[PDB]
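Peer 1:
There are 2 protein chains.
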Amino acid sequence: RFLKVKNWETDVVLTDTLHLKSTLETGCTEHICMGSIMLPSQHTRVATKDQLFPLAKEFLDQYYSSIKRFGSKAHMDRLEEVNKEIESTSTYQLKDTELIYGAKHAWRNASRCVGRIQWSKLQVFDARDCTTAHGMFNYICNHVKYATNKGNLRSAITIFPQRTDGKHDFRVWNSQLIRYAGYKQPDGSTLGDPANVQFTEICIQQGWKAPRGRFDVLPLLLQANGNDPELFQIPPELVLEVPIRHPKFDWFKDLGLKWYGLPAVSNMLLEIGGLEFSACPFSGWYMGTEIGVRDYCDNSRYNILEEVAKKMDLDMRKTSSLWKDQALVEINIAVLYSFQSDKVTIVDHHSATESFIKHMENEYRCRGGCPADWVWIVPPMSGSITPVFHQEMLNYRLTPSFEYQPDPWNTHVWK
Amino acid sequence: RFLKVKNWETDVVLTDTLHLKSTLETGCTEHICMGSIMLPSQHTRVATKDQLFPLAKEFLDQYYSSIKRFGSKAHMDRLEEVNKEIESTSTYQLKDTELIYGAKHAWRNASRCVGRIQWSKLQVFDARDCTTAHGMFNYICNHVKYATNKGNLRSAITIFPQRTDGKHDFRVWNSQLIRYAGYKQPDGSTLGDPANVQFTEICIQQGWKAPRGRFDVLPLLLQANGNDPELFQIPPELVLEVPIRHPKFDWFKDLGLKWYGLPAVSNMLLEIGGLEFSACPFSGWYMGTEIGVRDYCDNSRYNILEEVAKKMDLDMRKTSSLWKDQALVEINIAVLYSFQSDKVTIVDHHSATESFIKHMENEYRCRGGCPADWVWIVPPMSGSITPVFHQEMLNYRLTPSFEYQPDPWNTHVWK
Ligand code: HEM
Ligand code: HEM
Ligand SMILES: Cc1cc(N)nc(COc2cc(CCN3CCCCC3)cc(F)c2F)c1
Ligand SMILES: Cc1cc(N)nc(COc2cc(CCN3CCCCC3)cc(F)c2F)c1
Ligand SMILES: C[C@H](O)[C@H](O)[C@H]1CNc2nc(N)[nH]c(=O)c2N1
Ligand SMILES: C[C@H](O)[C@H](O)[C@H]1CNc2nc(N)[nH]c(=O)c2N1
Ligand SMILES: [Zn+2]
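As given, the protein sequences belong to chains A and A', one line each in that order. A prime marks a further copy of an entry chain.
What the first sequence shows, in the deposited numbering, is residues 299 to 343, 348 to 717, in sequence order.
What the second sequence shows, in the deposited numbering, is residues 299 to 343, 348 to 717, in sequence order.
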């Protein structure tokens, strides 16, 4: 009940008591580990009024514990006040300071996030007075502009009104605010981003006129208070992009690769005090590997290892030549360089992972632990030359949290 | 109770019912996942006679199930025969065919092993008539010669007598049969292999006369029937080694790197039918990354990324140049090439991982599943360009199995 995690590179040992406060479940049992299941049923999100008050009580107690005012008059009165409002309405509303705390601690608790050293530096935009798709668009554009900050990126999140009945739900139908379109061809091959091909079909189903190229920024699909979603185009001056060149290969511009500067996840659920925020897009800055490994070199994403190996003149006959590994390192030297030469914030997988170990140290000290998912923290290349490969990590679910949620087109009662 | 695992690169879905036969525990609960703990307490190994018979019964039933003779006369008589012997002796002895089956299925069940497609092609050497360290040495040398097979390596395992009282235990004190010595210096730096530095001190404590170099093959330390272990030197003609050159860099010989061809783990426990085999060394062939990533480039192993980056003339100033990733891919093109040019069996991390997916397919068909530890299966470089990165895997403990055991010098009642 006082577990220990070791780093088998430095022999550092930390002690985890935080997992005692843990509430939700993991998917594992004593007889089977689910640690490599992508979307476990305990990570996916309808609630009533009986279960609500304990969830509110649990949240309000940790909030007042954090301002060195636990159990005081202001705590007890707010406990009774939310209790009162949950009788009256069978729901309740968070204070501004409560929303900011819950939002930041959802990120803090995100065990698959390697960038959490910044969790306290998060800018919270309260969009809970929004009522239309157009208002959603306005709020999202101000988010994009603010977080982009001319390439000196800044962490932020915009929180739309909380779910209530469940059929009046605010939903961003994009999985990320800025994504490139994906279109299939006659022969079955795919132009653009093969992930978004279904979403691209939906946007044209709603009337998008596609420029049918590679790096075509998708339009937003915004559903407000349960109404059918509407299409909006982020003004291009707000979508910052970095063209990818290499600091050795003058044939790398000829590849003609570029990527948007702002990672901004929009499709997931923010859970605070028992309340569910079905639309809560959040942005930070890219770690190199997310673009140069996953985006560019996944077999079912952009799939460029084929071509980078060609221009490098590599031994592509045999698999054991490691031509794939060799073109993969060049692509990532290139993404990093290209972003860095444009003053656009990016972080390499080595500095990001070192900082996470530093972050883990602080969380075991002033908090008693830090939930972490090794499967997701270790970077997708060069695993064991980074200090997170060698760090034991305890995974557990604390709340406030970010949860996966089903796509709205599989659930939205249409019209 | 009929779980599903998905591959998020090919959309392949397999169905696991095998985990129902699972017995031992994992370390996870419903509220915490231990999936990245290195040596969990459920992976480490003293038993009595009451618990023994169910363990024997469970094993004998699966053995006779596998020869299409389940519950027949030969099964029922052998069930009563082992029952009889467990009354008489409070232990029992495996048939030769039973030892071979249990041994092969321990490997089959090894969830952290990526090379298991070969589990049925395993050569089992019955050493259970051995009584002295010298006999252990003889058996181990014949193992080394056989598995090495002039570089056309062959899987094998040599099984010494089973534990009984627990104080008359057969133990190979080396963690691997062939390992290079590790000696520290005056200034505190380390020559050779920094892992084995404590073992190297023990061997000299027993009287090894060290040549005090880098790649000095360690001598065997063999404990027989609980007696104090004795030193023996594998005849060098039996230790096959591959010097590492690169197929481009004529300065790579100048590095002067070499590695032994035979990976042969000796320190772990084979569990069959309830019986514990405390000495059971097993060998196969190397996957490239185990040498060129972990052995050569771990910070606390050989730590050569420093020097390979120098001769390549790399941007070693800044971390975001990925000079570490770049020297790591060259080292692994080199290990592979060097072994392959000497007809010494090796496998690159790409072909090994593809074959494991193929193996997983067969195990879900003719067995209903396949326990797998994602944390250990994914290779330590280029993770997501290999098909195991994208495969969900269920981990669970089936028996017969290989278990970790404490080092004998922390337990051996000396003299
Ligand atoms: C500030 C810079 C940030 C960096 C460098 C970063 C990096 C990463 C990376 C590499 C992943 C793995 C995802 C993947 O590989 O697809 C991840 C996941 C995640 N991040 Fe962070 N992130 C940042 C900011 C944020 C912010 C602002 C939030 C929320 C407020 C956040 C919450 C999450 C969540 C919820 C996940 C996924 C957890 C899951 O799958 O359940 N991150 N991040
Ligand atoms: C035939 C070629 C083989 C290959 C290519 C191979 C490859 C590997 C690799 C890469 C690992 C991870 C270990 C590490 O990174 O340190 C591993 C682990 C392991 N292998 Fe295999 N191996 C082979 C043969 C065998 C044999 C013959 C046995 C037993 C009869 C075996 C049983 C195991 C076990 C028990 C583990 C570790 C499980 C644990 O940590 O609990 N392997 N193997
Ligand atoms: C703010 C931010 C910064 C950064 N640098 N990176 C990210 C990436 O964060 C996430 C990434 C995903 C990916 C989901 N996954 C992708 C592969 C296939 C299956 C679905 C889901 C999430 F919820 C995330 F927060 C976010
Ligand atoms: C036959 C064989 C072939 C191959 N290609 N490879 C291996 C490596 O197999 C093992 C490797 C280990 C390593 C233990 N670990 C190393 C790092 C630090 C901590 C302890 C433990 C085991 F039991 C193994 F079977 C074995
Ligand atoms: C099968 C496995 O669960 C899946 O591929 C996961 C593995 N770890 C990951 N880690 C990160 N950061 N991102 C991912 O998409 C994944 N995918
Ligand atoms: C902390 C973590 O459990 C540890 O570093 C593990 C991770 N996965 C591994 N995987 C393999 N194949 N070999 C290892 O030594 C390890 N080490
Ligand atoms: Zn688990």
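Every residue, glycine too, gets a C-beta built ideally from N, C-alpha and C.
Could you list the residues in the region 579–607 of chain A with a C-beta less than 9 Å from some C-beta on chain A', going in chain order?
Peer 2: The region 579–607 of chain A vs chain A', Cβ under 9 Å: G590, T591, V595, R596, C599, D600, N601, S602 and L607.
Peer 1: Let me check you understand the geometry: is the CB of A'/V544 closer than 6 Å to at least one non-hydrogen atom of ligand 2?
Peer 2: Sequence index remark: in the second sequence, residue 544 of chain A' carries index 242 (1-based). It does not: the Cβ of A'/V544 is nowhere closer than 6 Å to a heavy atom of ligand 2.
Peer 1: Figure out for me which residue from A/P537, A/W676, A/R619 and A/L624 has the closest Cα to the Cα of A/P689.
Peer 2: Here residue 689 of chain A is taken as the residue at index 387 of the first sequence, counted from 1. Measuring from the Cα of A/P689, the nearest candidate turns out to be A/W676.
Peer 1: Based on the DSSP output, what are the partners of A/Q628 in its beta bridges?
Peer 2: What you label residue 628 of chain A is simply residue 326 of the first sequence in a count that begins at 1. Its beta-bridge partners do not exist; DSSP assigns none.
Peer 1: Can you list, in chain order, the residues of its chain with a C-beta nearer than 8 Å to that of A/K302? Leave out the 5 residues immediately preceding and following it.
Peer 2: Within the first sequence, numbered from 1, the residue matching residue 302 of chain A stands at position 4. The answer, listed in chain order, is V311, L312, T313 and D314.
Peer 1: Where do the ends of the beta strand (DSSP E) carrying A'/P545 lie?
Peer 2: The sequence position of residue 545 of chain A' within the second sequence is 243, counting from 1. That run of the beta strand (DSSP E) goes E543 to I546.
Peer 1: Can you tell me which residues form a DSSP beta bridge with A'/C331?
Peer 2: Here the question's residue 331 of chain A' lines up with position 33 in the second sequence. The partner list for A'/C331 (beta bridge, DSSP) reads A/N697.
Peer 1: Give the residues of chain A' in contact with A/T324, contact being defined as C-beta atoms less than 9 Å apart.
Peer 2: In the first sequence, counting from the first residue as 1, residue 324 of chain A sits at position 26. The answer, in chain order, is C326, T327, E328, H329, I330 and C331.
Peer 1: Please report how far the alpha carbon of A/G671 lies from the alpha carbon of A/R380, in whole angstroms.
Peer 2: For the purposes of this step, residue 671 of chain A is identified with residue 369 of the first sequence, where counting begins at 1. For the purposes of this step, residue 380 of chain A is identified with residue 78 of the first sequence, where counting begins at 1. Rounded to the nearest angstrom, the two C-alpha atoms are 29 Å apart.
Peer 1: Sorted by chain position, which residues of the same chain lie with C-beta nearer than 7 Å to A'/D428's C-beta, five sequence neighbours on each side aside?
Peer 2: Within the second sequence, residue 428 of chain A' is the residue found at index 126, counting from 1. Excluding sequence neighbours, A'/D428 sits near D398, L401 and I461.
Peer 1: Mind checking if A/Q628 is an interface residue toward chain A', Cβ cutoff 7 Å exclusive?
Peer 2: To locate residue 628 of chain A, count along the first sequence from 1; it is residue 326. Yes, its Cβ sits closer than 7 Å to a Cβ of chain A'.
Peer 1: Quick one: list the residues of chain A neighbouring A'/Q642, beta-carbon separation under 8 Å, in chain order.
Peer 2: For the purposes of this step, residue 642 of chain A' is taken as residue 340 along the second sequence, with counting starting at 1. Ordered by position in chain A, the residues that pass the 8 Å Cβ test against A'/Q642 are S622.
Peer 1: In or out: A/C668 buried (at least 16 other Cβ within 10 Å) or exposed?
Peer 2: Here residue 668 of chain A refers to the residue found at position 366 of the first sequence. Result: exposed.
Peer 1: Apart from the five residues on each side of it in sequence, which residues of its chain come closer than 6 Å, Cβ to Cβ, to A'/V646?
Peer 2: As a working mapping, residue 646 of chain A' is identified with position 344 in the second sequence. Cβ within range, chain order: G453, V544 and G563.
Peer 1: Please report the straight-line C-alpha distance between A/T502 and A/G528, rounded to a whole angstrom.
Peer 2: Along the first sequence, one-based indexing puts residue 502 of chain A at 200. Along the first sequence, one-based indexing puts residue 528 of chain A at 226. Near 21 Å, if we compare the C-alpha coordinates of A/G528 and A/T502.
Peer 1: With a cut-off of 8 Å on the beta carbons, I'd call A'/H692 and A'/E307 a contact; round off their distance for me.
Peer 2: Residue mapping note: residue 692 of chain A' aligns to position 390 of the second sequence, counting from 1. Residue mapping note: residue 307 of chain A' aligns to position 9 of the second sequence, counting from 1. Indeed they touch by this definition, with Cβ atoms about 4 Å apart.
Peer 1: What residues from chain A' crowd round A/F691, counting only those whose CB sits closer than 9 Å?
Peer 2: Taking the first residue of the first sequence as 1, we reach residue 691 of chain A at position 389. Correct list: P682.
Peer 1: Quick one: residues with CB closer than 7 Å to any heavy atom of ligand 5, in chain order, please.
Peer 2: My final list is A/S334, A/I335, A/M336, A/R414, A/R596, A/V677, A/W678, A/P682, A'/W306, A'/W676, A'/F691, A'/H692, A'/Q693 and A'/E694.
Peer 1: Starting from the N-terminal side, write out each stretch of the beta strand (DSSP E) that is 3 residues or longer and does not extend beyond the region 458–516 of chain A.
Peer 2: The qualifying runs are 458–461, 484–486 and 492–494.
Peer 1: Compare the C-beta of A/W561 with all C-beta atoms of chain A' and state if any pair is closer than 7 Å.
Peer 2: In the first sequence, counting from the first residue as 1, residue 561 of chain A sits at position 259. No, A/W561 does not count as interfacial toward chain A'.
Peer 1: If the cut is a Cβ gap below 7 Å, which residues of chain A' does A/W306 touch?
Peer 2: Position 8 of the first sequence, counting from 1, holds the residue named residue 306 of chain A. Those are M336, listed as they occur along chain A'.
Peer 1: From the DSSP output, in three-state form, read off A'/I659 for me.
Peer 2: As a first step, residue 659 of chain A' must be located in the second sequence, where it is residue number 357. A'/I659: helix per DSSP, three-state reduction.
Peer 1: Are the region 438–446 of chain A and the region 544–557 of chain A touching by the rule of at least three beta carbon pairs closer than 8 Å?
Peer 2: Cβ pair count under 8 Å is below three, so no.
Peer 1: Please specify which runs of the beta strand (DSSP E), each continuous and at least 3 residues long, are wholly inside the region 557–585 of chain A, giving them in chain order.
Peer 2: Taking only runs of at least 3 residues, the beta strand (DSSP E) segments lying wholly in the region 557–585 of chain A are 559–562, 571–574 and 577–579.
Peer 1: Could you tell me whether any Cβ in chain A is nearer than 7 Å to the Cβ of A'/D650?
Peer 2: On the second sequence, position 348 is the one that residue 650 of chain A' refers to. Yes, A'/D650 lies at the interface with chain A (some Cβ there is under 7 Å from its Cβ).
Peer 1: Using 7 Å as the limit for Cβ to Cβ distance, is A'/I687 near chain A?
Peer 2: Along the second sequence, read from residue 1 onward, the residue named residue 687 of chain A' stands at position 385. Closer than 7 Å: yes.
Peer 1: List, in order along the chain, the chain A' residues whose C-beta lies closer than 8 Å to that of A/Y698?
Peer 2: The residue labelled residue 698 of chain A in the question sits at position 396 within the first sequence. What A/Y698 touches in chain A': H329, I330 and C331.
Peer 1: Spatial neighbours of A/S374 within its chain, please: C-beta separation below 8 Å, excluding the five flanking residues on both sides.
Peer 2: Numbered from 1 along the first sequence, position 72 holds the residue referred to as residue 374 of chain A. The residues are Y366.
Peer 1: Please confirm whether any heavy atom of ligand 7 lies closer than 6 Å to the CB of A'/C432.
Peer 2: Numbered from 1 along the second sequence, position 130 holds the residue referred to as residue 432 of chain A'. Answer for A'/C432: no, Cβ out of range of ligand 7.
Peer 1: Along the chain, where does the beta strand (DSSP E) that runs through A/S703 open and close?
Peer 2: In the first sequence, the residue the question calls residue 703 of chain A occupies position 401. Where A/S703 is concerned, the enclosing beta strand (DSSP E) stretches over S703 to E705.
Peer 1: When you compare only the Cα positions, how much space is there between A'/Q628 and A/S477?
Peer 2: Against the second sequence, residue 628 of chain A' aligns to sequence position 326. Against the first sequence, residue 477 of chain A aligns to sequence position 175. Approximately 33 Å between the Cα atoms of the pair.
Peer 1: Any beta carbon from chain A within less than 7 Å of A'/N712's own beta carbon?
Peer 2: The residue you call residue 712 of chain A' lines up with position 410 of the second sequence. Taking Cβ atoms only, chain A never reaches closer than 7 Å to A'/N712, which makes this a no.
Peer 1: At a cut of 8 Å, does the region 595–612 of chain A' reach the region 621–640 of chain A' through at least three beta carbon pairs?
Peer 2: With the cut-off at 8 Å, the region 595–612 of chain A' and the region 621–640 of chain A' touch.
Peer 1: Less than 7 Å between the C-beta atoms of A/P710 and A/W475, yes or no?
Peer 2: Position 408 of the first sequence, counted from the start, is the residue given in the question as residue 710 of chain A. Position 173 of the first sequence, counted from the start, is the residue given in the question as residue 475 of chain A. In this structure, A/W475 lies closer than 7 Å to A/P710 by Cβ.
Peer 1: Looking only at its own chain, which residues have a Cβ that is under 6 Å from the Cβ of A/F579, when we skip the five neighbours before and after it?
Peer 2: On the first sequence, position 277 is the one that residue 579 of chain A refers to. Here the set comprises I461, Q464 and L572.
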